[PDB]
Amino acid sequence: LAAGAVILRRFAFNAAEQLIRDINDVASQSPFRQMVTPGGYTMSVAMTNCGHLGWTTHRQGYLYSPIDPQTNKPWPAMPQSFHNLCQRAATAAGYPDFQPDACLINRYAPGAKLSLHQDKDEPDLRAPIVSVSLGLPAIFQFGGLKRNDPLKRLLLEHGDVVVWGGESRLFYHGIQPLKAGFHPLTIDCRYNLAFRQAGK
């Protein structure tokens, strides 16, 4: 895909049913919620987290916290299925030592989008992003280090895993408004699992 980045198409297909069961379990403790940006806007993507650290919005900016600010309880632990799939994908992608401490779970309803951004809240740039697609298909934009650097547009379908790191660790990326559709395992949405090393 780029220097240090790869798409492992359908890599998570066999694991997907189990991953979705575990999403449901995570969400039972820390429900999906549409977070409000530091600038005051409700995101169209609904999110939750598992693992030690959860990505959250705050008045002062984006940040990681071990506490879910909605439930005021810790985030649920990382499911075994998540851990195992992430490790295998990272290894296949050339990042054998990846040990995530954070998984952001994104839910896209039809029309939901995540505009171009960098994943720039993690101090240790040696660790890649491992990004798992489940359910409805989406167009993923993958750019460069500047907002106006040319974008690649890639369809991501159920089971696809994108990994970026090294040279491409800070590349701009996003998801275009989700097209309407049906998927037998997620019904009416796309999920994304975004694994990160957010701490030291």
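Residue numbers run from 1 along the displayed sequence.
| field | Mean C-alpha temperature factor, higher of 141 to 149 and 31 to 39 | value | Result of the comparison: 141 to 149.
| request: Decide which of the stretches 90 to 98 and 110 to 118 has the higher mean C-alpha B-factor, going by the entry. | output: Taking the mean B-factor of the alpha carbons in each, 90 to 98 is higher.
| task | Tell me which of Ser44, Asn49, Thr57, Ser133 tops the list for C-alpha B factor in the record. | result | Out of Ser44, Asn49, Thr57, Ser133, the record gives the largest C-alpha B-factor to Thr57.
| query | Sorting the chain's CA B-factors, does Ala127 end up in the lowest, middle or highest third? | reply | Highest third - that is where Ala127 ends up once the chain's C-alpha B-factors are sorted.
| field | CA B-factor ranking of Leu63, expressed as a third of its chain | value | According to the entry, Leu63 has a C-alpha B-factor in the chain's highest third.
| task | Would you mind checking where the Cα B-factor of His183 ranks among the modelled residues of its chain, as the lowest, middle or highest third? | result | For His183, whose C-alpha B-factor we compare with every modelled residue in the chain, the answer is the highest third.
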